[PDB]
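Following this are structure 1 and structure 2, which are two forms of one protein chain, each written alone as structure tokens.
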Structure 1
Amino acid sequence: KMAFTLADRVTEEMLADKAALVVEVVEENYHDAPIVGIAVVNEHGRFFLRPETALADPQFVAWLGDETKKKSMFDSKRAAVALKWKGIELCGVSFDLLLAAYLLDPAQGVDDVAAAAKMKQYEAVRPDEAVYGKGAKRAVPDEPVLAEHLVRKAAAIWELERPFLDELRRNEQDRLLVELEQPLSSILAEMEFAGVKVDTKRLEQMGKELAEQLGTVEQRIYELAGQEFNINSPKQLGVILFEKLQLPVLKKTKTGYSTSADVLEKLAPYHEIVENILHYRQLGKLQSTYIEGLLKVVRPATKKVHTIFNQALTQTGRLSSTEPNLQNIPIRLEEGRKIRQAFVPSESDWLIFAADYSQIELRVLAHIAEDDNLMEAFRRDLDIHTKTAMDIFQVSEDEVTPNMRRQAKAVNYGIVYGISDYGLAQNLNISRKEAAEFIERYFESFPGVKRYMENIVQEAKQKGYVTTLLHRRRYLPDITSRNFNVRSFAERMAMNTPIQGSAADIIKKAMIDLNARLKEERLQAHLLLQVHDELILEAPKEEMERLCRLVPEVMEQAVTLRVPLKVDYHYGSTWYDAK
């Protein structure tokens, strides 16, 4: 039902100046993964190529790297990175159907061509899972079946490009795609392929010592409990705490007794076993995830880890980071923070440079809500996190520890994003009336924010979606539900998404501007990581002075708001030291 050539060699007609291109990588983690097949669809016909054929043909390789030869793809970053691992540069990607579908509606969870195609009632392609199978049954099918699938995917991209661009234009999102997300994709591809170097000697020594410490805490816990049990089974743990030791039950979940850190912290006055358990579970997570799990994904020959930044996943426009997640490396406790000493520059005499947007979503909220007082606070370069700390812990500015500020930061974001009096009371261990009064006072200090939150909820109910500064969208079809719980959750999404998503838009634009300023000054400095509102680079030590000016300035100027943007920055020999 669809004609195509199963080609034995590369012909000139396959190398047109516009094409849909499929470079198929079936492994979920595309780093150093097999390319199983190629398809090309263009004005001259539909072609399947074996990867041995195409990728060793010098003309096809040249065409791939020719920016003036334009390609329409789905998940071009997967292709771009897989090719880099095969020693080949991919340029000229002018349309990415994955990113287009993502901007139109992030809730569709589009993660294959078929699922994008569904959005325009296009049915002439199968889901990837139907062709490859799942789990231990997953396999590349016979060549004629594989070839048809890949050609059908390229034909779908070829046919769907205009319908998608048209819809993006109608939503005023086409610039978001072509000027922001697509260029960002190429930058993320570079960062992923570069990787981050790990000091495995230091990481292994930390793990050996951690295992000893864990053994000691484990035995103390068994002593306090009067018996051995699996501390990592909330179930067995629940029996020890709430049945054997008869501690109060402060919370249940659908499977039994809660032992969350929130709960255990509240039980600390009753038995010393609870603080030990909290510490054990922290140390246990460092072991399982940031030592052992990390070492499992280190590429042994180069000592590098290569994350994947998922650019079409979150509902607000943030990125996420997988295998490993390098956006949740410990920082808040010194014990955990030492893991960062194992993240080092990739060359001798280079350093790590880290830059973080100050009070980012508060600044964004001040702009969007046009709250006079909040705007005024940022024009005076106040620190709203430190101020809230002073207020809660009734201490002076000088007496506010970095830890009280972290706690106050949670209070600030919690309040603006709809925390209840119950929730704040449980967090601060104050009565509910006092919590309610604290929130009352807070919105009296920031009345524009209060009005803005009331109004964005109403707007969402009327339109069925909310939007960000650069026209990102999130639909909220639950926002008129008769069910209180369902409706309330959607209401809080309406409060949060525009602010978090607008901050995501800002850092994304900052990465594009920054990458261009680095390349034009021919600096060796390059991006390693994005951590939501932070950028991490490495550079020769001689470039530090330049970066100290360039990076904060580019980040601060990415967008112009009604309040200043401000960036904190540091550098050092390891990620730990870049503080």
Structure 2
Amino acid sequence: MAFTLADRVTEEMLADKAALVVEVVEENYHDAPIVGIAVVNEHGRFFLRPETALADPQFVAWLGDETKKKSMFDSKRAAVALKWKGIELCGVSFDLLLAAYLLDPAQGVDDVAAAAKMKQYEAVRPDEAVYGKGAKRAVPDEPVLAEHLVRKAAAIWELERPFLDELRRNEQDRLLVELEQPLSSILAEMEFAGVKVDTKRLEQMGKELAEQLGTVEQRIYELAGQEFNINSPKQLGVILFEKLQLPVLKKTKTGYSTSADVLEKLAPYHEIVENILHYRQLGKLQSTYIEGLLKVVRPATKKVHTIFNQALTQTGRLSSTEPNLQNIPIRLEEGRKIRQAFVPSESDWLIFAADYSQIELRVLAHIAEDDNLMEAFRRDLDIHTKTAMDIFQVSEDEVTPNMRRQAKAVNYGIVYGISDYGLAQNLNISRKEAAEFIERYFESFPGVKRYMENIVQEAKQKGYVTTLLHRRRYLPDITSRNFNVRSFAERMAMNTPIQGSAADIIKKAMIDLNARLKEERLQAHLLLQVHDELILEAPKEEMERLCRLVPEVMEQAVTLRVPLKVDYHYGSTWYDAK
């Protein structure tokens, strides 16, 4: 494969259609080096050194010109890496990573070679082959690097049409071009903006937490009558089941279980298990949300810059890494206070948080076309209280807080394919009763039962299931004669259209929201998405408008057979936006 190793940018490299590689080898691309550039177009194939291309006003103009279309793989990586250099990338019309992800998330495509494999294209090497793995990872000699980048660009160039053609067959071309690609740009902005952190506050919490860990730790040793590593499920298992001779409720492949659910069930036998649960909760707060967070905060700006992986989950959700900002504590007050350290990036700005209320159950209502479930949402009746009246068979006045919590476990459990065994274990109730709850639920919501039957049948017949905006998940195990394997696939068939349609909806909402913010020239911008919620920051003056704009855009992103409902709060910190 012939290419030019160019010393300067020329006009023919700046055609209005090109495959473009802007190579960043560090896995975390924030403020990461760009090691090489390749361009393939109608005129030839070119390798450029970054020092050259990125200092060249004409190349930089071309990068930022939206009418000059680029085909890429992982354009968000390149866009953010370029942002850290103050260079804008526009005109990305095809992203091979996102295309491959839509065609089959299970393939785990994460380099051009793996995408190319999908079309039996082999004139390109895997990145790991060129760079090496782990401690061996290195950028090779220029001629080797240059050929690799050029070959990746040529693969993207040749693969665009084949991938677009299959997406069109799957009814997924608009999902790529109107949803995932625009979202990629929005996520790039979110990651690059980052979220500001009050490190003084975290360091203080950390100091206090260290004190408390020491106290809980020593009390646990007193209760155990021995010192041991409480963070070692192995050592803990000996203490609990050999020394204290507590009952063994569950084993894993390696030994005794010490899961939270097991320890809770052991509470009637020894008080030490409650202390241990507390200690493990505190230790995670310290290790992860204090120490781990502080490790990744950029010290001069005090911002953290997560990476949203847009091409990983099997259902169409995002994930968040380094750090994960989608699992910041909220359920326990001690941990929830971590959110006090997430603050606005400017003076006199505020945090604004908006979340869909029960979007999975509303989606289930839509997809199952269950009259009773649809009517509950159409009239905004409390769905957990409704299910309680049904499973316990009482009037609304007789529903206690605990009954509602159990009904809630039923409501979400059904969505995730729970068995009577799993429900009984989660609620710690008789399995006979758990089975009755499930039987009563399906008697009350017969449309949901038909849905579960139908979607498993569809998966068996077609080999995959689909979401509202035509995302797909293949389920080859659905016809397995093996009960365990088939059962897991049946649960995925039931759940994926629900979880995945919910992901589709919030993604479309982010695009519609961005458009409106820019339309109204507001300074407000997105910081985070947490599956069914959106977190923004804005100058305090803009709260009144956002209180109207954000929930309307979210509720109207798609139109279902039941309303969507969005709650919203704002405050001086993420904690206070409650």
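Superpose the two forms; the largest set of C-alphas matching within 1.5 Å is the rigid core. Structure 1's sequence is the ruler for residue numbers, which start at 1.
Peer 1: Out of 94, 481, 310, 407, I need the residue that shifts by 2 angstroms or more at the Cα between the two structures, core superposed.
Peer 2: After core superposition, the one over threshold is 407.
Peer 1: Once the larger rigid part is superposed on C-alpha atoms, how many degrees is the smaller one rotated between the two structures?
Peer 2: About the hinge, the smaller body moves through 36 degrees.
Peer 1: Cα of residue 397: shift between the two structures in Å, core-fitted?
Peer 2: Reported C-alpha shift between the two structures: 7.5 Å at residue 397.
Peer 1: Please give the CA displacement of residue 382 between the two structures, in Å, after core superposition.
Peer 2: For residue 382, the C-alpha ends up 1.3 Å from its position in the other form.
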